[PDB]
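Structure file run_7.txt; described as compact mmCIF, C-alpha atoms and all ligand atoms.
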# COMPACT_ATOMS: atom_id res chain seq x y z
CA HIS S 4 -21.39 -3.02 6.30
CA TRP S 5 -18.55 -0.61 5.76
CA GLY S 6 -18.77 2.47 3.61
CA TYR S 7 -18.13 6.21 3.70
CA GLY S 8 -21.16 7.41 5.68
CA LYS S 9 -21.41 8.95 9.12
CA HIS S 10 -22.28 5.60 10.73
CA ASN S 11 -20.07 3.20 8.75
CA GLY S 12 -17.15 5.32 7.51
CA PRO S 13 -13.39 5.24 8.03
CA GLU S 14 -13.49 6.06 11.74
CA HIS S 15 -15.56 2.88 12.32
CA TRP S 16 -13.59 0.42 10.20
CA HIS S 17 -11.25 -0.67 13.02
CA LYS S 18 -14.11 -2.48 14.79
CA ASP S 19 -14.42 -5.02 11.97
CA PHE S 20 -10.84 -4.67 10.63
CA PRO S 21 -8.39 -4.14 13.51
CA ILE S 22 -5.49 -3.75 11.06
CA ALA S 23 -6.93 -0.26 10.45
CA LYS S 24 -4.73 0.83 13.39
CA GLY S 25 -1.71 -1.06 12.03
CA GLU S 26 1.86 -0.02 11.37
CA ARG S 27 1.76 0.31 7.54
CA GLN S 28 -1.59 1.94 6.75
CA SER S 29 -2.40 4.16 3.78
CA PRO S 30 -2.92 6.82 2.66
CA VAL S 31 -0.37 9.22 4.17
CA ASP S 32 0.59 12.85 3.84
CA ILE S 33 3.72 13.26 1.72
CA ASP S 34 5.91 15.88 3.40
CA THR S 35 8.09 16.94 0.45
CA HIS S 36 10.83 18.43 2.62
CA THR S 37 11.30 15.24 4.64
CA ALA S 38 11.08 12.73 1.78
CA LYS S 39 14.50 11.26 1.00
CA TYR S 40 15.91 11.37 -2.51
CA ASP S 41 17.18 7.84 -3.22
CA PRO S 42 19.57 7.71 -6.21
CA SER S 43 19.38 3.91 -6.17
CA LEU S 44 15.75 4.02 -7.34
CA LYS S 45 15.23 3.04 -10.96
CA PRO S 46 12.90 4.75 -13.43
CA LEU S 47 9.48 3.18 -13.70
CA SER S 48 8.84 0.86 -16.65
CA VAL S 49 5.20 1.06 -17.72
CA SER S 50 4.39 -1.39 -20.53
CA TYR S 51 0.71 -0.87 -21.36
CA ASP S 52 0.81 -1.32 -25.17
CA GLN S 53 -0.95 -4.74 -25.07
CA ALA S 54 -3.45 -3.87 -22.33
CA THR S 55 -6.85 -5.57 -22.77
CA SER S 56 -9.68 -3.88 -20.89
CA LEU S 57 -12.79 -5.96 -20.39
CA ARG S 58 -15.45 -4.34 -18.26
CA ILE S 59 -16.43 -1.44 -16.04
CA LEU S 60 -18.25 -2.19 -12.78
CA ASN S 61 -19.92 -0.12 -10.06
CA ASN S 62 -19.08 -2.13 -6.94
CA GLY S 63 -20.87 0.15 -4.49
CA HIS S 64 -17.78 2.04 -3.34
CA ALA S 65 -16.16 3.12 -6.64
CA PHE S 66 -16.15 2.07 -10.27
CA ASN S 67 -13.46 -0.33 -11.47
CA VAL S 68 -12.18 -0.75 -15.03
CA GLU S 69 -11.05 -4.38 -15.23
CA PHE S 70 -8.29 -5.83 -17.41
CA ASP S 71 -7.35 -9.29 -18.63
CA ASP S 72 -4.59 -10.37 -16.22
CA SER S 73 -4.25 -13.97 -17.41
CA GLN S 74 -0.98 -13.13 -19.24
CA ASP S 75 1.79 -10.52 -19.05
CA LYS S 76 -0.14 -8.08 -21.22
CA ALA S 77 0.09 -4.82 -19.25
CA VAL S 78 2.89 -4.80 -16.69
CA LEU S 79 4.73 -2.49 -14.32
CA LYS S 80 8.42 -3.08 -13.61
CA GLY S 81 11.35 -1.12 -12.27
CA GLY S 82 11.22 1.67 -9.74
CA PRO S 83 11.38 0.19 -6.23
CA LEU S 84 9.94 -3.12 -7.46
CA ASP S 85 11.53 -6.53 -7.84
CA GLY S 86 9.86 -8.61 -10.50
CA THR S 87 6.85 -8.11 -12.71
CA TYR S 88 3.47 -6.74 -11.64
CA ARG S 89 0.40 -7.24 -13.83
CA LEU S 90 -2.32 -4.63 -14.18
CA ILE S 91 -5.69 -5.94 -12.95
CA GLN S 92 -7.88 -2.84 -12.57
CA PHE S 93 -8.03 0.89 -12.04
CA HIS S 94 -10.44 3.05 -10.09
CA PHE S 95 -10.72 6.53 -8.62
CA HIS S 96 -11.46 8.22 -5.32
CA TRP S 97 -13.08 11.64 -5.47
CA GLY S 98 -14.80 14.35 -3.48
CA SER S 99 -18.08 16.19 -3.29
CA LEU S 100 -16.16 19.44 -3.92
CA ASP S 101 -13.07 20.28 -5.98
CA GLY S 102 -10.89 20.91 -2.91
CA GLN S 103 -11.09 17.35 -1.59
CA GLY S 104 -11.18 13.84 -2.97
CA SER S 105 -7.62 12.54 -3.04
CA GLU S 106 -6.43 10.02 -0.47
CA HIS S 107 -2.78 10.95 -0.42
CA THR S 108 -1.94 14.59 0.21
CA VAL S 109 1.21 16.55 -0.63
CA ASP S 110 2.28 18.99 2.08
CA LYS S 111 -1.34 18.71 3.33
CA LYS S 112 -2.72 19.74 -0.09
CA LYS S 113 -5.75 17.72 -1.25
CA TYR S 114 -6.51 17.11 -4.92
CA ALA S 115 -9.95 16.69 -6.49
CA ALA S 116 -9.48 12.97 -7.13
CA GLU S 117 -6.89 10.20 -7.12
CA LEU S 118 -6.49 7.41 -9.69
CA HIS S 119 -5.21 4.02 -8.53
CA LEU S 120 -3.78 1.62 -11.12
CA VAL S 121 -3.59 -1.72 -9.30
CA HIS S 122 -0.99 -4.37 -10.16
CA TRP S 123 -0.11 -7.71 -8.57
CA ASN S 124 3.19 -9.55 -8.27
CA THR S 125 3.14 -12.47 -10.69
CA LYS S 127 5.38 -14.63 -8.53
CA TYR S 128 2.35 -15.28 -6.30
CA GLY S 129 0.28 -16.76 -9.16
CA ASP S 130 -3.04 -15.05 -8.49
CA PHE S 131 -4.33 -11.80 -7.01
CA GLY S 132 -5.81 -13.47 -3.93
CA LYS S 133 -2.43 -14.92 -2.98
CA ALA S 134 -0.64 -11.62 -3.65
CA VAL S 135 -2.75 -9.63 -1.17
CA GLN S 136 -1.43 -11.90 1.61
CA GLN S 137 2.21 -10.89 0.97
CA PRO S 138 4.07 -7.72 1.98
CA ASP S 139 5.27 -7.20 -1.61
CA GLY S 140 2.11 -8.48 -3.32
CA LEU S 141 0.66 -5.34 -4.88
CA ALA S 142 2.04 -2.21 -6.51
CA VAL S 143 -0.40 0.68 -6.90
CA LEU S 144 0.37 3.67 -9.09
CA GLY S 145 -1.37 6.73 -7.65
CA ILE S 146 -2.03 9.76 -9.85
CA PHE S 147 -3.59 12.99 -8.62
CA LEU S 148 -6.31 14.80 -10.57
CA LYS S 149 -6.65 18.59 -10.50
CA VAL S 150 -9.53 20.52 -12.04
CA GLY S 151 -8.57 22.52 -15.12
CA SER S 152 -8.47 21.53 -18.77
CA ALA S 153 -10.27 18.38 -19.85
CA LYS S 154 -8.36 15.12 -20.22
CA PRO S 155 -9.31 13.63 -23.63
CA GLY S 156 -8.22 10.11 -22.67
CA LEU S 157 -10.69 10.09 -19.77
CA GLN S 158 -13.79 10.96 -21.79
CA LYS S 159 -14.56 7.38 -22.84
CA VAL S 160 -14.77 6.48 -19.14
CA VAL S 161 -16.98 9.50 -18.37
CA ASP S 162 -19.45 8.68 -21.14
CA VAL S 163 -20.18 5.13 -19.93
CA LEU S 164 -20.92 6.10 -16.30
CA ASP S 165 -24.64 6.56 -17.05
CA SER S 166 -24.86 2.83 -17.76
CA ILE S 167 -23.40 1.79 -14.38
CA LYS S 168 -25.12 4.33 -12.16
CA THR S 169 -25.99 1.93 -9.32
CA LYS S 170 -24.22 -0.74 -7.29
CA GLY S 171 -23.83 -4.06 -9.09
CA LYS S 172 -24.19 -2.73 -12.63
CA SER S 173 -21.50 -3.51 -15.19
CA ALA S 174 -20.91 -2.80 -18.86
CA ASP S 175 -18.58 -4.11 -21.51
CA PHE S 176 -15.60 -1.78 -21.82
CA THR S 177 -13.13 -3.04 -24.41
CA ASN S 178 -10.22 -1.40 -26.21
CA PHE S 179 -9.54 1.26 -23.56
CA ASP S 180 -5.91 2.40 -23.51
CA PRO S 181 -4.77 3.38 -19.98
CA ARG S 182 -1.75 5.22 -21.41
CA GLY S 183 -4.07 8.17 -21.98
CA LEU S 184 -4.34 8.65 -18.21
CA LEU S 185 -0.60 9.12 -17.48
CA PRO S 186 1.15 12.47 -16.92
CA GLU S 187 4.16 13.56 -18.95
CA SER S 188 6.68 12.83 -16.18
CA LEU S 189 6.99 9.57 -14.21
CA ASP S 190 8.83 11.08 -11.23
CA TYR S 191 7.45 9.51 -8.07
CA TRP S 192 7.48 9.05 -4.32
CA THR S 193 7.29 5.53 -2.90
CA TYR S 194 6.58 3.98 0.51
CA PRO S 195 5.22 0.67 1.90
CA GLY S 196 1.54 0.80 2.73
CA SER S 197 -1.85 -0.84 2.62
CA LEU S 198 -5.13 -1.05 0.79
CA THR S 199 -7.18 2.04 1.59
CA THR S 200 -10.44 0.11 1.79
CA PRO S 201 -11.32 -2.89 3.97
CA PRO S 202 -9.77 -5.36 4.46
CA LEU S 203 -6.90 -2.81 4.67
CA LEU S 204 -4.24 -5.45 4.09
CA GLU S 205 -0.62 -4.29 4.37
CA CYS S 206 0.55 -5.60 1.02
CA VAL S 207 1.07 -2.51 -1.18
CA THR S 208 4.16 -0.79 -2.50
CA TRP S 209 2.76 2.66 -3.24
CA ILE S 210 4.17 4.63 -6.16
CA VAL S 211 2.65 8.13 -6.16
CA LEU S 212 3.42 10.30 -9.18
CA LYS S 213 4.50 13.90 -8.55
CA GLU S 214 2.80 15.40 -11.60
CA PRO S 215 -1.02 15.55 -11.50
CA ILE S 216 -3.21 15.19 -14.55
CA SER S 217 -5.86 17.81 -15.26
CA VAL S 218 -9.53 17.01 -15.81
CA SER S 219 -12.36 19.39 -16.47
CA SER S 220 -15.07 20.36 -14.02
CA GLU S 221 -17.62 18.68 -16.30
CA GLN S 222 -15.70 15.41 -16.21
CA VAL S 223 -15.45 15.21 -12.41
CA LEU S 224 -19.09 16.34 -12.08
CA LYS S 225 -20.05 13.13 -13.89
CA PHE S 226 -18.25 11.00 -11.29
CA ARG S 227 -20.42 12.67 -8.64
CA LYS S 228 -23.65 11.47 -10.30
CA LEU S 229 -22.92 7.81 -9.53
CA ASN S 230 -24.76 6.10 -6.66
CA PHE S 231 -23.54 4.04 -3.70
CA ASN S 232 -26.93 2.31 -3.60
CA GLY S 233 -28.41 -0.36 -5.80
CA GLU S 234 -31.27 0.18 -8.20
CA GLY S 235 -34.61 0.71 -6.49
CA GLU S 236 -33.03 1.83 -3.22
CA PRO S 237 -33.01 5.44 -1.97
CA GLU S 238 -30.39 7.51 -3.78
CA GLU S 239 -27.05 8.16 -2.09
CA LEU S 240 -24.61 10.01 -4.32
CA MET S 241 -21.18 8.37 -4.66
CA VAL S 242 -18.95 11.19 -3.37
CA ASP S 243 -16.17 11.45 -0.76
CA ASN S 244 -15.10 7.82 -1.13
CA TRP S 245 -11.64 8.59 0.27
CA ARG S 246 -9.89 7.57 3.47
CA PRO S 247 -8.08 10.33 5.42
CA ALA S 248 -4.34 10.24 5.95
CA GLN S 249 -2.95 7.78 8.48
CA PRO S 250 0.15 8.09 10.70
CA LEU S 251 3.44 7.44 8.94
CA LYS S 252 4.82 5.57 12.02
CA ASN S 253 8.23 3.97 11.34
CA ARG S 254 8.30 4.57 7.60
CA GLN S 255 10.39 6.64 5.23
CA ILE S 256 8.99 8.12 2.02
CA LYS S 257 11.57 7.99 -0.78
CA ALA S 258 11.67 10.21 -3.86
CA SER S 259 13.03 9.35 -7.31
CA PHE S 260 13.90 12.99 -7.93
CA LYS S 261 15.40 16.00 -6.18
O1 LIG X 301 -7.04 0.07 -1.53
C1 LIG X 301 -6.88 0.74 -2.55
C2 LIG X 301 -5.77 0.45 -3.53
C3 LIG X 301 -5.66 -0.99 -3.90
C4 LIG X 301 -7.01 -1.66 -4.08
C5 LIG X 301 -6.95 -3.09 -4.55
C6 LIG X 301 -8.28 -3.63 -5.04
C7 LIG X 301 -9.28 -3.80 -3.94
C8 LIG X 301 -9.50 -5.24 -3.56
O2 LIG X 301 -9.49 -6.13 -4.39
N1 LIG X 301 -9.71 -5.46 -2.25
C9 LIG X 301 -9.77 -6.70 -1.58
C10 LIG X 301 -8.62 -7.47 -1.46
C11 LIG X 301 -8.67 -8.69 -0.81
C12 LIG X 301 -9.85 -9.16 -0.30
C13 LIG X 301 -11.00 -8.40 -0.42
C14 LIG X 301 -10.96 -7.17 -1.07
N2 LIG X 301 -7.67 1.74 -2.88
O3 LIG X 301 -8.84 1.96 -2.19
ZN ZN X 302 -8.00 3.02 -4.40

Written as structure tokens, how would this file's structure read?
Amino acid sequence: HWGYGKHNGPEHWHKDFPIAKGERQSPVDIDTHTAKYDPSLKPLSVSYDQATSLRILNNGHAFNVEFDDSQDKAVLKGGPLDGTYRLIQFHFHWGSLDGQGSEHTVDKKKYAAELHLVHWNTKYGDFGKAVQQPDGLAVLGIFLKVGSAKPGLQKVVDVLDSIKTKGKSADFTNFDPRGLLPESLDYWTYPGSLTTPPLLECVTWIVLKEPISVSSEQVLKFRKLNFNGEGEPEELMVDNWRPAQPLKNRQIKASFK
């Protein structure tokens, strides 16, 4: 099956998922000098006060923190979006070394990790319907750079020992995702895709300009997770990122100048 190894990684995915060579694939390199400032873009509205986290899961390719999305509890509105998008989960992509790990790049610069806060358009009723629509998902992407520790991330870091292998989950209640946001909500936006199979072209990407800083010790703990299940030979969960894809006939817009 697909993964991030030499024999099943991103350069192989097109054989099972031909959309991998499609017209709206993610991630992309953000060329800051060719992005277009769009004064019609609205500020983002992030309403995470009533977020209800439920569980953290190692799914074999990343770890997901899952939220209750049965009501409009934690929503994203505004920006380039029409309507209301509910938060369903967040996860990260990261590297084996501090100089790689992000999926998006900025003027070819790679960050140590990238956080994806995943939201779905409530007009489609459920997440599975939303992924079939061109405006179904909105993903907030936040870059991580290695520096000072991020206090709001430590609760995530400390539970990773309990979900070391694929298929393990743990209860993870009362986590506030507001502690993961940067000070500024300036962003770039473009239409794209999931970055993992099935690579569906259903995502409005909103990539924040300002990275958050995490400490070396925090990111080191991400690198101790395993791709494998318990009892199988150990494969460290590192470099779970897809390289940049061609922009094709797309324009990246900026909310700032
Ligand atoms: O692709 C991304 C960003 C958005 C991920 C959305 C969650 C992944 C997911 O649920 N994938 C999926 C969708 C439909 C059918 C099967 C899997 N990062 O890797
Ligand atoms: Zn992702």

Item to check | Nearest to residue 121 of chain S, chosen from S:215, S:63, S:156, S:181, with only C-alpha atoms counted in the distances | outcome: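 Smallest separation from residue 121 of chain S among the options: S:181.
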
Kindly assemble as JSON lines a list of the chain S residues that lie within 7 Å of ligand LIG 301 (chain X), each paired with its nearest atom pair and their distance in Å to one decimal, using all atoms listed in the file, sorted first by chain and then by ascending residue number.
{"residue": "S:119", "atom": "CA", "partner": "X:LIG301", "partner_atom": "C2", "distance": 6.2}
{"residue": "S:121", "atom": "CA", "partner": "X:LIG301", "partner_atom": "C3", "distance": 5.8}
{"residue": "S:132", "atom": "CA", "partner": "X:LIG301", "partner_atom": "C11", "distance": 6.4}
{"residue": "S:135", "atom": "CA", "partner": "X:LIG301", "partner_atom": "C11", "distance": 6.0}
{"residue": "S:143", "atom": "CA", "partner": "X:LIG301", "partner_atom": "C3", "distance": 6.3}
{"residue": "S:197", "atom": "CA", "partner": "X:LIG301", "partner_atom": "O1", "distance": 6.7}
{"residue": "S:198", "atom": "CA", "partner": "X:LIG301", "partner_atom": "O1", "distance": 3.2}
{"residue": "S:199", "atom": "CA", "partner": "X:LIG301", "partner_atom": "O1", "distance": 3.7}
{"residue": "S:200", "atom": "CA", "partner": "X:LIG301", "partner_atom": "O3", "distance": 4.7}
{"residue": "S:201", "atom": "CA", "partner": "X:LIG301", "partner_atom": "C14", "distance": 6.6}
{"residue": "S:202", "atom": "CA", "partner": "X:LIG301", "partner_atom": "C13", "distance": 5.9}
{"residue": "S:203", "atom": "CA", "partner": "X:LIG301", "partner_atom": "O1", "distance": 6.8}

Would you write out those residues with C-alpha atoms, as a CSV table (one decimal), keeping the file's coordinate frame?
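And here is the file that came out, out-v4.csv:
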chain,number,residue,atom,x,y,z
S,119,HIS,CA,-5.2,4.0,-8.5
S,121,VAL,CA,-3.6,-1.7,-9.3
S,132,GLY,CA,-5.8,-13.5,-3.9
S,135,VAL,CA,-2.8,-9.6,-1.2
S,143,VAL,CA,-0.4,0.7,-6.9
S,197,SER,CA,-1.8,-0.8,2.6
S,198,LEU,CA,-5.1,-1.0,0.8
S,199,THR,CA,-7.2,2.0,1.6
S,200,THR,CA,-10.4,0.1,1.8
S,201,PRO,CA,-11.3,-2.9,4.0
S,202,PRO,CA,-9.8,-5.4,4.5
S,203,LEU,CA,-6.9,-2.8,4.7

Item to check | Within 10 Å of segment 250-254 of chain S using all atoms listed in the file, minus same-chain residues under 2 positions, as a ChimeraX atom specification | outcome: /S:24-33,194-196,248,256-257

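Note that the spacing between atom CA of residue 209 of chain S and atom CA of residue 4 of chain S amounts to 26.6 Å.
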
Checklist entry - Pick the closest to residue 107 of chain S from S:236, S:221, S:190, S:34: which is it, counting all atoms listed in the file? => result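 Closest to residue 107 of chain S of all the choices is S:34.
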
Checklist entry - At what distance in Å, to one decimal, does atom CA of residue 6 of chain S lie from atom CA of residue 240 of chain S? => result 12.4 Å

Checklist entry - Smallest atom-to-atom distance to residue 222 of chain S: which of S:192, S:97, S:245, S:260, using all atoms listed in the file? => result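 When distances to residue 222 of chain S are compared using all atoms listed in the file, the smallest one comes from S:97.
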
Checklist entry - With only C-alpha atoms as the basis for distance, which of S:204, S:90, S:189, S:184 is at the shortest distance from residue 159 of chain S? => result S:184

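Restricting the calculation to only C-alpha atoms and all ligand atoms, the smallest distance between ligand ZN 302 (chain X) and any of S:246, S:45, S:9, S:149 is found for S:246.
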
Checklist entry - Leaving out residue 49 of chain S and any residue of its chain fewer than 2 positions from it, which residues lie within 7 Å of it when counting all atoms listed in the file, given as JSON, numbers by chain? => result {"S": [47, 51, 78, 79, 80]}

Next on the checklist: Measuring between only C-alpha atoms, which one of S:122, S:96, S:111, S:89 shows the shortest distance to residue 208 of chain S?
Outcome noted: S:122

Item to check | Nearby residues, (-8.6, 12.2, -11.4) file frame, 7 Å, all atoms listed in the file, as a PyMOL selection string | outcome: chain S and resi 95+115-118+147-149+216+218

Given the selection you just returned, output its residues as a file containing C-alpha atoms, formatted as a tab-separated table (two decimals), keeping the file's coordinate frame.
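What ended up in out-v9.tsv:
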chain	number	residue	atom	x	y	z
S	95	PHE	CA	-10.72	6.53	-8.62
S	115	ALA	CA	-9.95	16.69	-6.49
S	116	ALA	CA	-9.48	12.97	-7.13
S	117	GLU	CA	-6.89	10.20	-7.12
S	118	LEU	CA	-6.49	7.41	-9.69
S	147	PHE	CA	-3.59	12.99	-8.62
S	148	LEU	CA	-6.31	14.80	-10.57
S	149	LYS	CA	-6.65	18.59	-10.50
S	216	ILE	CA	-3.21	15.19	-14.55
S	218	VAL	CA	-9.53	17.01	-15.81

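Counting from atom CA of residue 226 of chain S, the distance to atom CA of residue 120 of chain S is 17.2 Å.
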
Can you fill out segment 61-78 of chain S with N, CA, C and O atoms and hand it back as a tab-separated table (two decimals), in the coordinates of the input?
chain	number	residue	atom	x	y	z
S	61	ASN	N	-19.66	-0.89	-11.28
S	61	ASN	CA	-19.92	-0.12	-10.06
S	61	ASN	C	-20.05	-1.13	-8.93
S	61	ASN	O	-21.01	-1.91	-8.89
S	62	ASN	N	-19.08	-1.15	-8.02
S	62	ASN	CA	-19.08	-2.13	-6.94
S	62	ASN	C	-19.67	-1.60	-5.65
S	62	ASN	O	-19.60	-2.29	-4.62
S	63	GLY	N	-20.25	-0.41	-5.66
S	63	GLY	CA	-20.87	0.15	-4.49
S	63	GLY	C	-19.99	1.08	-3.70
S	63	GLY	O	-20.50	1.79	-2.81
S	64	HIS	N	-18.69	1.10	-3.97
S	64	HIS	CA	-17.78	2.04	-3.34
S	64	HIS	C	-16.96	2.86	-4.33
S	64	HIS	O	-16.39	3.88	-3.93
S	65	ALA	N	-16.88	2.43	-5.57
S	65	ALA	CA	-16.16	3.12	-6.64
S	65	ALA	C	-16.61	2.45	-7.93
S	65	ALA	O	-17.50	1.59	-7.91
S	66	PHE	N	-16.01	2.83	-9.04
S	66	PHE	CA	-16.15	2.07	-10.27
S	66	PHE	C	-14.78	1.57	-10.69
S	66	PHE	O	-13.79	2.30	-10.59
S	67	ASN	N	-14.71	0.30	-11.08
S	67	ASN	CA	-13.46	-0.33	-11.47
S	67	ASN	C	-13.49	-0.60	-12.97
S	67	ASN	O	-14.48	-1.13	-13.47
S	68	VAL	N	-12.40	-0.28	-13.66
S	68	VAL	CA	-12.18	-0.75	-15.03
S	68	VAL	C	-11.28	-1.96	-14.91
S	68	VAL	O	-10.18	-1.86	-14.36
S	69	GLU	N	-11.73	-3.10	-15.42
S	69	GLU	CA	-11.05	-4.38	-15.23
S	69	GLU	C	-10.31	-4.77	-16.50
S	69	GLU	O	-10.78	-4.51	-17.61
S	70	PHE	N	-9.15	-5.40	-16.32
S	70	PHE	CA	-8.29	-5.83	-17.41
S	70	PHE	C	-8.08	-7.33	-17.38
S	70	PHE	O	-8.19	-7.97	-16.33
S	71	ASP	N	-7.75	-7.89	-18.54
S	71	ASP	CA	-7.35	-9.29	-18.63
S	71	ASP	C	-5.96	-9.43	-18.03
S	71	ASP	O	-4.98	-8.90	-18.58
S	72	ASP	N	-5.86	-10.14	-16.90
S	72	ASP	CA	-4.59	-10.37	-16.22
S	72	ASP	C	-4.19	-11.84	-16.24
S	72	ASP	O	-3.51	-12.32	-15.33
S	73	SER	N	-4.62	-12.57	-17.27
S	73	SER	CA	-4.25	-13.97	-17.41
S	73	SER	C	-2.90	-14.16	-18.08
S	73	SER	O	-2.41	-15.30	-18.13
S	74	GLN	N	-2.30	-13.10	-18.61
S	74	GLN	CA	-0.98	-13.13	-19.24
S	74	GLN	C	-0.30	-11.80	-18.97
S	74	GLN	O	-0.94	-10.84	-18.55
S	75	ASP	N	1.01	-11.75	-19.23
S	75	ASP	CA	1.79	-10.52	-19.05
S	75	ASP	C	1.51	-9.53	-20.18
S	75	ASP	O	2.36	-9.22	-21.02
S	76	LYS	N	0.29	-8.99	-20.17
S	76	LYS	CA	-0.14	-8.08	-21.22
S	76	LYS	C	0.18	-6.62	-20.91
S	76	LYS	O	0.68	-5.88	-21.76
S	77	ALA	N	-0.14	-6.18	-19.70
S	77	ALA	CA	0.09	-4.82	-19.25
S	77	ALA	C	0.81	-4.94	-17.91
S	77	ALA	O	0.22	-5.42	-16.94
S	78	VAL	N	2.08	-4.55	-17.87
S	78	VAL	CA	2.89	-4.80	-16.69
S	78	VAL	C	3.61	-3.53	-16.24
S	78	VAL	O	3.89	-2.62	-17.02
